[PDB]
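Data from upload-v8.pdb: PDB, C-alpha atoms (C1' of nucleotides)
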ATOM      1  CA  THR A   2     241.230 146.019  23.612  1.00  0.00           C
ATOM      2  CA  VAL A   3     241.002 142.436  24.830  1.00  0.00           C
ATOM      3  CA  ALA A   4     244.660 141.408  24.839  1.00  0.00           C
ATOM      4  CA  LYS A   5     244.973 144.449  27.085  1.00  0.00           C
ATOM      5  CA  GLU A   6     242.569 142.638  29.433  1.00  0.00           C
ATOM      6  CA  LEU A   7     244.123 139.178  29.263  1.00  0.00           C
ATOM      7  CA  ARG A   8     247.375 140.677  30.570  1.00  0.00           C
ATOM      8  CA  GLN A   9     245.625 142.120  33.616  1.00  0.00           C
ATOM      9  CA  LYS A  10     245.325 139.986  36.726  1.00  0.00           C
ATOM     10  CA  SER A  11     243.037 137.540  34.937  1.00  0.00           C
ATOM     11  CA  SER A  12     242.209 135.945  38.290  1.00  0.00           C
ATOM     12  CA  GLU A  13     241.527 138.714  40.734  1.00  0.00           C
ATOM     13  CA  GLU A  14     241.770 142.285  39.445  1.00  0.00           C
ATOM     14  CA  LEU A  15     239.044 141.470  36.930  1.00  0.00           C
ATOM     15  CA  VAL A  16     236.623 140.714  39.778  1.00  0.00           C
ATOM     16  CA  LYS A  17     237.088 144.195  41.218  1.00  0.00           C
ATOM     17  CA  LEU A  18     236.682 145.607  37.732  1.00  0.00           C
ATOM     18  CA  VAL A  19     233.446 143.648  37.291  1.00  0.00           C
ATOM     19  CA  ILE A  20     231.914 144.963  40.496  1.00  0.00           C
ATOM     20  CA  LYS A  21     232.940 148.523  39.608  1.00  0.00           C
ATOM     21  CA  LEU A  22     231.375 148.194  36.155  1.00  0.00           C
ATOM     22  CA  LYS A  23     228.147 146.823  37.599  1.00  0.00           C
ATOM     23  CA  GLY A  24     227.927 149.700  40.063  1.00  0.00           C
ATOM     24  CA  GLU A  25     228.584 152.449  37.559  1.00  0.00           C
ATOM     25  CA  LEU A  26     226.251 150.827  35.025  1.00  0.00           C
ATOM     26  CA  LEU A  27     223.506 150.849  37.637  1.00  0.00           C
ATOM     27  CA  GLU A  28     224.128 154.519  38.385  1.00  0.00           C
ATOM     28  CA  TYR A  29     224.170 155.241  34.643  1.00  0.00           C
ATOM     29  CA  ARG A  30     220.769 153.648  34.154  1.00  0.00           C
ATOM     30  CA  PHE A  31     219.377 155.530  37.146  1.00  0.00           C
ATOM     31  CA  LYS A  32     220.678 158.793  35.704  1.00  0.00           C
ATOM     32  CA  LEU A  33     218.917 157.812  32.477  1.00  0.00           C
ATOM     33  CA  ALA A  34     215.641 157.364  34.347  1.00  0.00           C
ATOM     34  CA  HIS A  35     215.506 161.053  35.281  1.00  0.00           C
ATOM     35  CA  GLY A  36     217.437 163.591  33.228  1.00  0.00           C
ATOM     36  CA  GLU A  37     221.107 164.738  33.399  1.00  0.00           C
ATOM     37  CA  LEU A  38     222.505 161.822  31.346  1.00  0.00           C
ATOM     38  CA  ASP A  39     223.944 163.740  28.367  1.00  0.00           C
ATOM     39  CA  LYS A  40     225.959 160.812  26.906  1.00  0.00           C
ATOM     40  CA  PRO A  41     223.377 158.050  26.407  1.00  0.00           C
ATOM     41  CA  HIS A  42     226.128 156.244  24.481  1.00  0.00           C
ATOM     42  CA  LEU A  43     227.914 155.155  27.664  1.00  0.00           C
ATOM     43  CA  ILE A  44     225.452 152.359  28.471  1.00  0.00           C
ATOM     44  CA  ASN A  45     225.972 150.394  25.271  1.00  0.00           C
ATOM     45  CA  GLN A  46     229.730 150.646  25.740  1.00  0.00           C
ATOM     46  CA  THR A  47     229.843 149.623  29.386  1.00  0.00           C
ATOM     47  CA  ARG A  48     227.686 146.537  28.856  1.00  0.00           C
ATOM     48  CA  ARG A  49     229.898 145.824  25.854  1.00  0.00           C
ATOM     49  CA  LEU A  50     232.817 146.030  28.265  1.00  0.00           C
ATOM     50  CA  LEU A  51     231.525 143.371  30.661  1.00  0.00           C
ATOM     51  CA  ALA A  52     230.819 141.016  27.782  1.00  0.00           C
ATOM     52  CA  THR A  53     234.562 140.732  27.230  1.00  0.00           C
ATOM     53  CA  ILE A  54     235.586 140.417  30.875  1.00  0.00           C
ATOM     54  CA  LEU A  55     233.203 137.593  31.694  1.00  0.00           C
ATOM     55  CA  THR A  56     234.305 135.986  28.426  1.00  0.00           C
TER      56      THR A  56
ATOM     57  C1'   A B   1     132.985 179.549 -36.580  1.00  0.00           C
ATOM     58  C1'   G B   2     138.003 177.112 -38.324  1.00  0.00           C
ATOM     59  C1'   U B   3     143.979 176.267 -39.088  1.00  0.00           C
ATOM     60  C1'   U B   4     148.346 175.952 -36.976  1.00  0.00           C
ATOM     61  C1'   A B   5     154.368 177.450 -34.726  1.00  0.00           C
ATOM     62  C1'   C B   6     155.423 178.341 -28.506  1.00  0.00           C
ATOM     63  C1'   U B   7     155.070 175.456 -24.070  1.00  0.00           C
ATOM     64  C1'   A B   8     157.975 170.476 -20.678  1.00  0.00           C
ATOM     65  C1'   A B   9     156.418 169.983 -13.954  1.00  0.00           C
ATOM     66  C1'   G B  10     159.260 165.646 -15.899  1.00  0.00           C
ATOM     67  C1'   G B  11     160.633 161.893 -19.505  1.00  0.00           C
ATOM     68  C1'   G B  12     162.978 159.760 -24.128  1.00  0.00           C
ATOM     69  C1'   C B  13     167.299 159.338 -28.212  1.00  0.00           C
ATOM     70  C1'   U B  14     172.233 160.656 -29.858  1.00  0.00           C
ATOM     71  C1'   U B  15     176.878 163.200 -28.736  1.00  0.00           C
ATOM     72  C1'   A B  16     180.534 165.415 -25.308  1.00  0.00           C
ATOM     73  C1'   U B  17     182.028 165.668 -20.084  1.00  0.00           C
ATOM     74  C1'   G B  18     182.480 164.588 -14.811  1.00  0.00           C
ATOM     75  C1'   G B  19     182.266 160.969 -10.402  1.00  0.00           C
ATOM     76  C1'   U B  20     182.115 156.175  -8.401  1.00  0.00           C
ATOM     77  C1'   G B  21     184.189 151.364  -9.753  1.00  0.00           C
ATOM     78  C1'   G B  22     188.703 148.606 -10.547  1.00  0.00           C
ATOM     79  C1'   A B  23     188.273 144.585 -15.803  1.00  0.00           C
ATOM     80  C1'   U B  24     191.527 144.429 -19.878  1.00  0.00           C
ATOM     81  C1'   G B  25     197.284 145.570 -20.875  1.00  0.00           C
ATOM     82  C1'   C B  26     202.677 146.128 -18.873  1.00  0.00           C
ATOM     83  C1'   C B  27     205.313 144.552 -14.223  1.00  0.00           C
ATOM     84  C1'   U B  28     206.880 141.934  -9.763  1.00  0.00           C
ATOM     85  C1'   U B  29     212.182 140.527  -3.435  1.00  0.00           C
ATOM     86  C1'   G B  30     206.348 135.616  -4.715  1.00  0.00           C
ATOM     87  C1'   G B  31     204.883 130.729  -5.956  1.00  0.00           C
ATOM     88  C1'   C B  32     204.877 125.770  -9.133  1.00  0.00           C
ATOM     89  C1'   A B  33     207.483 121.648 -11.235  1.00  0.00           C
ATOM     90  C1'   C B  34     212.004 119.863 -12.283  1.00  0.00           C
ATOM     91  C1'   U B  35     217.527 118.685 -13.196  1.00  0.00           C
ATOM     92  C1'   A B  36     222.819 118.051 -11.350  1.00  0.00           C
ATOM     93  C1'   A B  37     225.908 117.822  -6.998  1.00  0.00           C
ATOM     94  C1'   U B  38     225.870 117.574  -1.376  1.00  0.00           C
ATOM     95  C1'   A B  39     223.596 115.770   2.876  1.00  0.00           C
ATOM     96  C1'   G B  40     219.879 112.479   4.756  1.00  0.00           C
ATOM     97  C1'   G B  41     218.644 114.254  11.006  1.00  0.00           C
ATOM     98  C1'   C B  42     218.029 116.986  16.077  1.00  0.00           C
ATOM     99  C1'   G B  43     218.052 115.629  21.362  1.00  0.00           C
ATOM    100  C1'   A B  44     219.625 114.732  29.473  1.00  0.00           C
ATOM    101  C1'   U B  45     226.199 118.784  27.322  1.00  0.00           C
ATOM    102  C1'   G B  46     218.479 119.469  27.883  1.00  0.00           C
ATOM    103  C1'   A B  47     216.491 119.793  21.276  1.00  0.00           C
ATOM    104  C1'   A B  48     211.760 120.911  17.831  1.00  0.00           C
ATOM    105  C1'   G B  49     208.056 124.606  19.199  1.00  0.00           C
ATOM    106  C1'   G B  50     206.705 128.552  22.570  1.00  0.00           C
ATOM    107  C1'   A B  51     206.360 132.273  26.553  1.00  0.00           C
ATOM    108  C1'   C B  52     209.128 136.284  28.740  1.00  0.00           C
ATOM    109  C1'   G B  53     212.774 139.813  28.348  1.00  0.00           C
ATOM    110  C1'   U B  54     216.743 143.079  26.122  1.00  0.00           C
ATOM    111  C1'   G B  55     217.339 149.473  22.756  1.00  0.00           C
ATOM    112  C1'   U B  56     220.514 156.015  23.163  1.00  0.00           C
ATOM    113  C1'   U B  57     214.745 153.852  19.533  1.00  0.00           C
ATOM    114  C1'   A B  58     207.154 154.485  20.860  1.00  0.00           C
ATOM    115  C1'   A B  59     204.732 149.917  19.091  1.00  0.00           C
ATOM    116  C1'   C B  60     205.413 145.949  15.678  1.00  0.00           C
ATOM    117  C1'   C B  61     208.821 142.678  12.802  1.00  0.00           C
ATOM    118  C1'   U B  62     213.856 140.877  13.238  1.00  0.00           C
ATOM    119  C1'   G B  63     218.480 139.383  15.755  1.00  0.00           C
ATOM    120  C1'   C B  64     219.739 137.846  20.548  1.00  0.00           C
ATOM    121  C1'   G B  65     219.488 135.631  25.632  1.00  0.00           C
ATOM    122  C1'   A B  66     220.686 138.724  32.559  1.00  0.00           C
ATOM    123  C1'   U B  67     227.740 138.725  28.675  1.00  0.00           C
ATOM    124  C1'   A B  68     220.962 139.704  26.043  1.00  0.00           C
ATOM    125  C1'   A B  69     219.908 144.229  17.730  1.00  0.00           C
ATOM    126  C1'   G B  70     225.650 141.664  21.010  1.00  0.00           C
ATOM    127  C1'   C B  71     231.208 138.603  23.346  1.00  0.00           C
ATOM    128  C1'   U B  72     236.239 135.828  22.067  1.00  0.00           C
ATOM    129  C1'   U B  73     239.575 133.895  18.387  1.00  0.00           C
ATOM    130  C1'   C B  74     241.619 132.628  13.119  1.00  0.00           C
TER     131        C B  74
END

Kindly return the structure encoded in the file as structure tokens.
Amino acid sequence: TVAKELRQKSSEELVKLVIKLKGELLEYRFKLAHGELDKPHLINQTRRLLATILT
RNA sequence: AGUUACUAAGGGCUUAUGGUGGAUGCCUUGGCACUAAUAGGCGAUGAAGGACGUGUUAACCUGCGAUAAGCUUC
């Protein structure tokens, strides 16, 4: 699931993806602060996602 | 007038038990001293050592560094 990210617009689409991931990660963590986050597993994945893109 | 078993508040001796206490005996992911090979350094591309932080997981230990108990590639 990385060669499927090299092929994307490795110059510009990835920037939009990065900002979207940061936003939804922030909203995930905020949901975790209160209640109503019923899939606590999404945080570890989404951070794991950015680690590839920046790479 | 006289003789002498019983007393045991408590103690003593042996023998049996019970409690504390952790020596002797068996053992060990630990240490010690050595051999034979390898290698004899790290660092402005910012080290050694430290702080601080990071979790679906409280603290601590460990790993790791805002890509943060993990990322890419063979």

>> Using only C-alpha atoms for the distances, tell me which of A:39, A:32, A:27, A:16 is nearest to residue 55 (chain A).
In response: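 Smallest separation from residue 55 (chain A) among the options: A:16.
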
>> Set the cut-off to 12 Å and count all atoms listed in the file: what are the residues of chain B that reach chain A? Output as a ChimeraX atom specification.
In response: /B:54-57,66-73

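Taking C1' of residue 52 (chain B) and CA of residue 23 (chain A) as the two end points, the separation is 23.5 Å.
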
Need the axis-aligned box for region 59-73 of chain B with 8 Å each side, so what are the centre and edges in Å to one decimal, as JSON?
{"center_x": 222.2, "center_y": 141.9, "center_z": 22.7, "size_x": 50.8, "size_y": 32.0, "size_z": 35.8}

>> Neighbouring residues of residue 28 (chain A) were defined as those with any atom within 12 Å, considering only C-alpha atoms (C1' of nucleotides); residues of the same chain fewer than 6 positions away were excluded. Please report them as number ranges by chain.
In response: A: 21-22, 34-35, 37-38, 43-44, 47

Model the absent atoms of region 42-53 of chain A so that N, CA and C atoms are present, and write the result as a tab-separated table (two decimals), in the frame of the given file.
chain	number	residue	atom	x	y	z
A	42	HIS	N	225.30	157.25	25.13
A	42	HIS	CA	226.13	156.24	24.48
A	42	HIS	C	226.97	155.45	25.46
A	43	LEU	N	227.04	155.85	26.73
A	43	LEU	CA	227.91	155.16	27.66
A	43	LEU	C	227.36	153.81	28.10
A	44	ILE	N	226.04	153.63	28.06
A	44	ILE	CA	225.45	152.36	28.47
A	44	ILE	C	225.89	151.25	27.53
A	45	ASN	N	225.63	151.42	26.24
A	45	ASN	CA	225.97	150.39	25.27
A	45	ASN	C	227.44	150.01	25.36
A	46	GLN	N	228.32	150.98	25.59
A	46	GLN	CA	229.73	150.65	25.74
A	46	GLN	C	229.97	149.82	26.99
A	47	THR	N	229.45	150.27	28.14
A	47	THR	CA	229.84	149.62	29.39
A	47	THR	C	229.35	148.18	29.45
A	48	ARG	N	228.11	147.92	29.02
A	48	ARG	CA	227.69	146.54	28.86
A	48	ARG	C	228.64	145.80	27.93
A	49	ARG	N	228.93	146.40	26.78
A	49	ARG	CA	229.90	145.82	25.85
A	49	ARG	C	231.21	145.52	26.55
A	50	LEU	N	231.59	146.33	27.54
A	50	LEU	CA	232.82	146.03	28.26
A	50	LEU	C	232.69	144.72	29.02
A	51	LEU	N	231.63	144.56	29.83
A	51	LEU	CA	231.52	143.37	30.66
A	51	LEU	C	231.52	142.11	29.82
A	52	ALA	N	230.89	142.18	28.64
A	52	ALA	CA	230.82	141.02	27.78
A	52	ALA	C	232.19	140.43	27.52
A	53	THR	N	233.22	141.27	27.41
A	53	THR	CA	234.56	140.73	27.23
A	53	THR	C	235.09	140.13	28.52
